[PDB]
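**Student:** take a look and give me a structure for this.
(4 chains, ligands or ions: 17)
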Amino acid sequence: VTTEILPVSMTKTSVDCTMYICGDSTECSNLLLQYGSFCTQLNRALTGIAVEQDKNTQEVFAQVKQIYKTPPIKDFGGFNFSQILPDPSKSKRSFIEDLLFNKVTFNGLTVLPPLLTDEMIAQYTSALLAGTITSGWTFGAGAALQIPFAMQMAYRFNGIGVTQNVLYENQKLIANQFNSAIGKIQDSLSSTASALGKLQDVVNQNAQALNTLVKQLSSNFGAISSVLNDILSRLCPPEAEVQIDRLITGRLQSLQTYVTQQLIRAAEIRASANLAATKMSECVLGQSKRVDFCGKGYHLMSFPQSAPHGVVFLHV
Amino acid sequence: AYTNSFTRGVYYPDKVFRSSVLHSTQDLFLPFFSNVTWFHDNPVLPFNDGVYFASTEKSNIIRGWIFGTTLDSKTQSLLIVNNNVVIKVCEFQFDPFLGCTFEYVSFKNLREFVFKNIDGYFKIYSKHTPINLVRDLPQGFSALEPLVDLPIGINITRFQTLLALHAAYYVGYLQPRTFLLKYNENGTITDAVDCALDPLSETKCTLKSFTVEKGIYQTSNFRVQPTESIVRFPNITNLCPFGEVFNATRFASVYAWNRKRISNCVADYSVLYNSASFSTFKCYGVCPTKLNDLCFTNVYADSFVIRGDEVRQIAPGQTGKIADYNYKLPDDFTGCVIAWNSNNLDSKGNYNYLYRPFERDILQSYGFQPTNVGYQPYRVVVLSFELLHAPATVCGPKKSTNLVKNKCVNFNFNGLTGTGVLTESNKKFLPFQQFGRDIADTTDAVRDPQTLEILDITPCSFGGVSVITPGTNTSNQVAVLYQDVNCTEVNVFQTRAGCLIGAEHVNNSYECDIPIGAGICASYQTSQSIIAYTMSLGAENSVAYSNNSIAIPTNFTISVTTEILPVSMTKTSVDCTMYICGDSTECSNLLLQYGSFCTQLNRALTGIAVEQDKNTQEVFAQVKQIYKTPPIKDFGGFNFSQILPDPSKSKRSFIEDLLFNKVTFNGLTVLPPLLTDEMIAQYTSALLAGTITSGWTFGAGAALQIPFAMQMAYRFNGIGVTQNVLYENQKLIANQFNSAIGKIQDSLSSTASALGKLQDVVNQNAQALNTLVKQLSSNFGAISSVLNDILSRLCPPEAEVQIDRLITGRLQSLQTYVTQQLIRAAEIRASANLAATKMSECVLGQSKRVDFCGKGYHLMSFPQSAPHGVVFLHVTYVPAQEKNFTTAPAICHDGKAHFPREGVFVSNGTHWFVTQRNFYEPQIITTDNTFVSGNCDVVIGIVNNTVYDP
Amino acid sequence: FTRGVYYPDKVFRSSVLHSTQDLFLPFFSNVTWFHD
Amino acid sequence: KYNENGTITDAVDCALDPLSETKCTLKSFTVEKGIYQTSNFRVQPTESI
Ligand SMILES: *[C@@H]1O[C@H](CO)[C@@H](O[C@@H]2O[C@H](CO)[C@@H](O)[C@H](O)[C@H]2NC(C)=O)[C@H](O)[C@H]1NC(C)=O
Ligand SMILES: *[C@@H]1O[C@H](CO)[C@@H](O[C@@H]2O[C@H](CO)[C@@H](O)[C@H](O)[C@H]2NC(C)=O)[C@H](O)[C@H]1NC(C)=O
Ligand SMILES: *[C@@H]1O[C@H](CO)[C@@H](O[C@@H]2O[C@H](CO)[C@@H](O)[C@H](O)[C@H]2NC(C)=O)[C@H](O)[C@H]1NC(C)=O
Ligand SMILES: *[C@@H]1O[C@H](CO)[C@@H](O[C@@H]2O[C@H](CO)[C@@H](O)[C@H](O)[C@H]2NC(C)=O)[C@H](O)[C@H]1NC(C)=O
Ligand SMILES: *[C@@H]1O[C@H](CO)[C@@H](O[C@@H]2O[C@H](CO)[C@@H](O)[C@H](O)[C@H]2NC(C)=O)[C@H](O)[C@H]1NC(C)=O
Ligand SMILES: *[C@@H]1O[C@H](CO)[C@@H](O)[C@H](O)[C@H]1NC(C)=O
Ligand SMILES: *[C@@H]1O[C@H](CO)[C@@H](O)[C@H](O)[C@H]1NC(C)=O
Ligand SMILES: *[C@@H]1O[C@H](CO)[C@@H](O)[C@H](O)[C@H]1NC(C)=O
Ligand SMILES: *[C@@H]1O[C@H](CO)[C@@H](O)[C@H](O)[C@H]1NC(C)=O
Ligand SMILES: *[C@@H]1O[C@H](CO)[C@@H](O)[C@H](O)[C@H]1NC(C)=O
Ligand SMILES: *[C@@H]1O[C@H](CO)[C@@H](O)[C@H](O)[C@H]1NC(C)=O
Ligand SMILES: *[C@@H]1O[C@H](CO)[C@@H](O)[C@H](O)[C@H]1NC(C)=O
Ligand SMILES: *[C@@H]1O[C@H](CO)[C@@H](O)[C@H](O)[C@H]1NC(C)=O
Ligand SMILES: *[C@@H]1O[C@H](CO)[C@@H](O)[C@H](O)[C@H]1NC(C)=O
Ligand SMILES: *[C@@H]1O[C@H](CO)[C@@H](O)[C@H](O)[C@H]1NC(C)=O
Ligand SMILES: *[C@@H]1O[C@H](CO)[C@@H](O)[C@H](O)[C@H]1NC(C)=O
Ligand SMILES: *[C@@H]1O[C@H](CO)[C@@H](O)[C@H](O)[C@H]1NC(C)=O
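**Tutor:** Residues are numbered from 1 along each chain as shown, chains lettered A, B, ... in the order given. Ligands and ions are numbered 1, 2, ... in the order given. The protein structure is shown below:
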């Protein structure tokens, strides 16, 4: 059992260009208007990215038509899934998902919430997992048709060129190797923070971009002072306007730089989300024949787990 | 008495002809639906910042107005009479009724006027229209045209009307509001939106349209305003000894100048400013008018005598006999230099004055005589002002006020101003620290000027405002969301996304329509209103899992679904020279000073345009030859006439015609594609004809004919369904297919939104071009956006400056446009690559990739062309009906364990059969259906049966 | 050692790393020792 | 480095050594494992001509 981690989304930021450039200052606001629609363009660009983030989330997780649940009596032929299934005592996340969630962590700048909360994402992964365990590949193709788990595995074994009698003759061994492999996943995830570095890197990059954008407010850009109020309380309107224009140009340029980088980064996230969505359909809902697509070795099955700003796949 | 002004009080903002356009302007207009005072009676009324006047007439009762400040002949006053329009501005004596630097001589009637007084000009707009109404003002809209503009220079504060005594009138006031005005084809303003009237009007102005589509928009911001001003300075009553310097008995020599420190006092700088005894008063630090609103850490008075011609050297950035050897100021000097003539004071000659940053270099004398201007002595005092952040001791003559805590105020602490809430801090400032600073260099905290306490400054509450609405095609009702605020601070529904007001909160969940955030969506439902709810994630459905039960489908359907992908975008191109300097050599010569920026812009756009043809070819040109169907079409009952080309038409298919009916001078142009719609149709025709008559072989190599029914048998085996199923049910399968295609047509012909993915690309690119053109109207700090207006009015020295401002702004706009086009193109390229992949894997073959070629088990696909993209029709096999069978992993015969070669074992309650997984079709269990491996003591769940041996 | 550092200005700051250039004593430089 | 009470409690001399140079470049008194591009080697003139 191996773990594959992919980013799905990034923080939905939004910036108020007027408050950023001319916070509570009418005198410069009236000059900002002389630059036309630059603020309109900045707002539309950021809004488009924020909307895209919910689209990316849905493409990856909302691939199930119905919310499926496992039976009250769990008998899967010796296969223990209790560490990947939801824990009723908890946001009802699984034990492993709780581990994943513990590893990744006034200037006109705000942050908007996602449409789907962690609770809703967990319900989708729960349905996908419950569906896979009790109906195999059929819940993807159409109706969820119940099948004994051991027989589901026999199908999956034939798919890799191994006659089904091998599974049944060695069923006890196979179930034990599987159960041990899951325990190994927990030991790694609970102790190795770097395991989820791919998701943490996204968080860190976006945090740096926002901090940099704010720090730029302290720059003079040739002005006598970075503070508009200090200019206005000291210089008369003929001279003042000059000092203000220097600050407007520098601050407007800083916003444009920020937005451009967010659009480029968003493209990277979109590509990752598209890959994750592909894997959900080809690794979880079915069985893949594509080499090294769903992990190293001959693919049998996969199980999704949610993570902050992304998805984690356990490939068997 | 008052009435409703409705939409009256709008006038043409200027004298420029416009047509078919929405124009945004800010001016003094009467706010929509405000109340106006109703008169029936000639009182004196306030004029305020401008007056809207309206009246209804029947018998010429209302005949004039008086405008002034006292209206009693003691001041300048404007009298207007209409008996012939007569205007006079004499100081007239006026209960007046109608029974100079300027003079002019020339209910059934509604007379409307706008009176505003700006920079000495009394501007009058008016409109007269016929009416048939006694009770009140008629409702309706008409813009008022400018009629008179009087260059009077008279202050107006109050006004009075004049009636004829042998008609009601209304008075409102104008406000600096923003309006979006709509000009029709004939250049008449026919409608208008008051951007401050309500949240829907606010949305309309934001979107620059009088129509708003369904959805949620971010349109404005909530901002708390200050309620009072707080002014704080040290409670010091000492006055600064400036007289001791400026009225000093004697000044020092410049080689040995004096330096007096001014501190611990109140500095009235209006005395030195207003005094007429000075020859010059030049400030380099701050502006004199503001100087008295500041407080300094110290002021130093440098006192000395120099010769008249040397006075020009007492400044920052100077060199010279004094500036370099006797007295120098730093280039960043902050303060004021004051000097005056001493020819009648120090001159005698007077040889006590000698000559050789702030250095006292402790040599020749000058003989100053009363008969010597440039050779006369001058007394100079330099006042050096320190504005560094430190405890201040020299404050201007400004009275303090009491300080108010935990309120939003406009504050001033020793000259430091801002808006915010003042609270008690826990910051331990050092004895020499007066202020603190945040990361943005804003003030974090301040020590009070009178009390040794530290206050924190927190900006007043604010947040984004979003408007949630069904489209204006259905309803003008809106709900408003205040982002990240408490409902107790701003139907009221508190969500994690903000405070939602106007939407009813309901318990029922539904499919999400207009998303708000944090699990909450809104919609318009029944009578109708906006509601909010937690979104449903889908229906709940448990699975009847057990270790001995399998569900096997007994029937199936054929489903056809549509997948739409963008392939290309418009191949635009921009001429940077024409865009920036259209027909202007004078600025073109300056554009050259920026190097290769134009070359880079041209190459970037050209590269994208070329890519667009590449994308098209990768998707459609995947066929080696152009294939055609036979004149006799017999595909075993399968009707393809709606996807094949129609010979009577660009020979497009019926469905392609539907797809094509749903998607729609400034140096900007558009280039055509290499492959026209006719050529794309030929490629899709060949691909379709190839697939139908040769299946998967035309892709792999040669097109090898195969009967269609046999092609389908192959495709069925590929999904785990034995070919006999196809043949036995061939009539059913063909009928399900034919019906599915008809359904596709019914949807595409009626649902325009079906092709939204292609329309979105078109809309985004159109917006980018329109935005780029609109930027040409911006001044970017210039006196005018028009180069010709600059060149016809300003000389070359000055002009070049105005031009550079426009070049920078216009060049920046082009760079912004190109960057966005390159980013969007990358998205289109990725889509085209996906479409090309699907063509090869879904159309030329058969896919085994789940949900790649539609939901269900893929059988075949057919391409159709569309504007700027490709549409795929995916044909899939979907299980329809199912039954509960008892199962087992193996069967015991002679102790041997029998396993199926294909399929599963099923029990109908009395007998065991073996059947294929994807279709119930029970077979007798025989030695030709099963194989033996291992035995009954190994397999878990093995059951006893009898296996037949032929 | 690390002696010769002073507050560059008179502004209150907290919980921050602030970059400044001024005339400071270089770290671990040698200083003349007098006893004279 | 200013602490919670606004007192300078520590400092980095950006010209002392390559680690201090890295700390200043990264605006932190802690440096993570890896390779950083922090400055430039430049030969100075020795005389005027
Ligand atoms: C599935 O594996 C888990 C291991 O996480 C088993 O849970 C343990 O059960 C033992 C015996 O009751 C307890 O002493 C441990 O404390 C449990 N571990 C945890 C983390 O709670 C669980 O019983 C196994 N289930 C099946 C059906 O095999
Ligand atoms: C195949 O390999 C597995 C281990 O992966 C063998 O199973 C182990 O056998 C040892 C005894 O030698 C036991 O102590 C372990 O507990 C078993 N592991 C598990 C998971 O059961 C298995 O016997 C090998 N099979 C063959 C034919 O060699
Ligand atoms: C126009 O005249 C009015 C008086 O009719 C001026 O307003 C007065 O200003 C003084 C000085 O602040 C106040 O004490 C009075 O109470 C004001 N009177 C009224 C009725 O407001 C007004 O300032 C003049 N306009 C200009 C530009 O000077
Ligand atoms: C394939 O389907 C089309 C339906 O679009 C059939 O065309 C219809 O034929 C009937 C009988 O002649 C006419 O009354 C309808 O007006 C036709 N519809 C249209 C849109 O023209 C076509 O005959 C079918 N072909 C085969 C071989 O089944
Ligand atoms: C499988 O389902 C199909 C429908 O999808 C059944 O075919 C229909 O049968 C009804 C009679 O009950 C007819 O009125 C319809 O016109 C038929 N539809 C078509 C397209 O022919 C079919 O009989 C079912 N097969 C089984 C074994 O139940
Ligand atoms: C209006 O008054 C003027 C005063 O000069 C007079 O000449 C004119 O005839 C009058 N017109 C009417 C209609 O009363
Ligand atoms: C413009 O005026 C013409 C009359 O010359 C009229 O027929 C047309 O309808 C008017 N257009 C609009 C938009 O009012
Ligand atoms: C200097 O004396 C004159 C009277 O001659 C007075 O008007 C002026 O205000 C005095 N200057 C100062 C700074 O007090
Ligand atoms: C303000 O006035 C009080 C007396 O009420 C005095 O004790 C205090 O020192 C004064 N503050 C300053 C800065 O002079
Ligand atoms: C918009 O209004 C028109 C009536 O002019 C109606 O025909 C159309 O169906 C409406 N659009 C929608 C999406 O309801
Ligand atoms: C609003 O304030 C109350 C306290 O009166 C608090 O319980 C509630 O959580 C707050 N809601 C939000 C969105 O801040
Ligand atoms: C939902 O139902 C509960 C009663 O079970 C009630 O208390 C609550 O107010 C209802 N909420 C809404 C939005 O109707
Ligand atoms: C199988 O049995 C379960 C339990 O009685 C029932 O809910 C389910 O609908 C049955 N399925 C079929 C196909 O008969
Ligand atoms: C099982 O199938 C056989 C063969 O058609 C039939 O005779 C028998 O009655 C069926 N059993 C049940 C319970 O329907
Ligand atoms: C199937 O489950 C039942 C109920 O727990 C049990 O009695 C039976 O032995 C199980 N059979 C197999 C093969 O696991
Ligand atoms: C199958 O039959 C054998 C006798 O030959 C018996 O020992 C065994 O228990 C039976 N198995 C089942 C599941 O009934
Ligand atoms: C700040 O001062 C308080 C004493 O008022 C002390 O307890 C705290 O530890 C100090 N904080 C730091 C970072 O030195």
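
**Student:** only C-alpha atoms for contact and neighbour calcs from this point on.
**Tutor:** OK.

**Student:** check contacts around the residue in the stretch 51-200 of chain A positioned nearest to ligand 13.
**Tutor:** Across the stretch 51-200 of chain A, no residue is closer to ligand 13 than residue A:145, which sits at 8.0 Å (Cα to the nearest ligand atom). The neighbourhood of residue A:145, defined by Cα atoms under 8 Å, 6 or more residues apart in numbering or on different chains, consists of A:135, A:138, A:139, B:543, B:550, B:551, B:552.

**Student:** kindly recompute the last result at 6 Å.
**Tutor:** Going by Cα atoms under 6 Å, 6 or more residues apart in numbering or on different chains, residue A:145 touches A:135, B:551.

**Student:** if I look at it, how far off is ligand 9?
**Tutor:** 84 Å (Cα to the nearest ligand atom, to the nearest Å).

**Student:** can you check residue A:174 too?
**Tutor:** 84 Å.

**Student:** same deal with residue A:296?
**Tutor:** Counting by Cα to the nearest ligand atom - residue A:296 and ligand 9 are separated by 76 Å.

**Student:** now do the phi/psi pair for that residue.
**Tutor:** Dihedral pair for residue A:296: phi -80, psi 140, per degrees, to the nearest 10.

**Student:** same question, the one 4 residues further on
**Tutor:** Main-chain dihedrals, residue A:300, degrees, to the nearest 10: phi -110, psi -60.

**Student:** for the stretch 151-300 of chain A, which residue gets nearest to ligand 3?
**Tutor:** residue A:237 (18.9 Å).

**Student:** burial count for that residue?
**Tutor:** Neighbour count for residue A:237, taken as other Cα atoms under 10 Å in any protein chain shown: 12.

**Student:** ok, the one 10 residues further on next?
**Tutor:** Residues near residue A:247, counting by other Cα under 10 Å, number 27.

**Student:** which element is it on?
**Tutor:** Following DSSP states H and E, one finds residue A:247 within helix A:237-279.

**Student:** do that helix and chain B meet?
**Tutor:** No - on the criterion Cα under 6 Å from any Cα of the partner chain, helix A:237-279 is out of touch with chain B, staying 7.2 Å away.

**Student:** off-centre distance for that helix?
**Tutor:** Between the centre of helix A:237-279 and the centre of its chain there are 21 Å (Cα atoms, centre = their mean, to the nearest Å).

**Student:** compute the inter-axis angle for it and helix B:796-838.
**Tutor:** 10 degrees (axes from the mean of the first three to the mean of the last three Cα atoms, to 10 degrees).

**Student:** OK, now which residue of the stretch 51-200 of chain A is nearest to chain D?
**Tutor:** residue A:194 (13.1 Å; Cα to the nearest Cα).

**Student:** ok, that residue - contacts?
**Tutor:** Residue A:194 neighbours (Cα under 6 Å, 6+ apart): none.

**Student:** downstream neighbour of the helix holding residue A:247 in the secondary structure list?
**Tutor:** strand A:302-307.

**Student:** pull up the pairing partners for that next one, direction included.
**Tutor:** According to DSSP bridges, strand A:302-307 forms sheet pairs with strand A:310-315 (antiparallel).

**Student:** could you pick out the residues of the stretch 1-150 of chain A near chain B for me?
**Tutor:** Counting by Cα under 6 Å from any Cα, the stretch 1-150 of chain A sits next to chain B at A:34-36, A:66-69, A:114-117, A:141, A:145-148.

**Student:** just the buried ones out of the residues you listed, please.
**Tutor:** Neighbour-count burial (16 or more other Cα atoms under 10 Å in any protein chain shown) applied to the residues of the stretch 1-150 of chain A next to chain B gives A:34-36, A:66-69, A:114-116, A:141, A:145-148.

**Student:** could you pull out the strands for the stretch 101-250 of chain A?
**Tutor:** A:109-112 (DSSP state E, counting those that start in this stretch).

**Student:** which residues in chain A form helices?
**Tutor:** A:17-21, A:26-32, A:38-61, A:95-100, A:118-135, A:138-141, A:149-158, A:165-169, A:171-191, A:197-215, A:228-232, A:237-279 (DSSP state H).

**Student:** winner for burial among the ones you listed?
**Tutor:** Sort the helices of chain A by mean neighbour count, taking mean count of other Cα atoms under 10 Å in any protein chain shown, and helix A:118-135 sits at the top with a mean of 24.

**Student:** now it, how far from the centre of its chain.
**Tutor:** Counting by Cα atoms, centre = their mean, helix A:118-135 comes out at 17 Å from the chain centroid.

**Student:** get me the contact residues on chain A for ligand 2.
**Tutor:** A:173, A:176, A:177 (Cα under 6 Å from any ligand atom).

**Student:** dump those residues to TSV, plus distance to ligand 7.
**Tutor:** Compiled in TSV, the residues of chain A next to ligand 2 are given as follows (distance: Cα to the nearest ligand atom, whole Å):
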residue	distance to ligand 7
A:173	84
A:176	81
A:177	80
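
**Student:** of the residues you listed, closest to chain C?
**Tutor:** Chain C lies nearest to residue A:177 out of the residues of chain A next to ligand 2, by Cα to the nearest Cα, at 52.0 Å.

**Student:** and the residue in chain A that ligand 8 sits nearest to, how far is that from ligand 13?
**Tutor:** Taking Cα to the nearest ligand atom, ligand 8 has its nearest neighbour within chain A at residue A:234, 22.1 Å off. Here residue A:234 is placed at a distance of 81 Å from ligand 13 (Cα to the nearest ligand atom).

**Student:** which residues does that residue contact?
**Tutor:** residue B:286.

**Student:** distance check, it against ligand 14.
**Tutor:** From residue A:234 to ligand 14 the distance is 98 Å (Cα to the nearest ligand atom).

**Student:** residue A:114 too?
**Tutor:** Distance of residue A:114 to ligand 14, given as Cα to the nearest ligand atom: 54 Å.

**Student:** kindly report the same for residue A:200.
**Tutor:** 59 Å.
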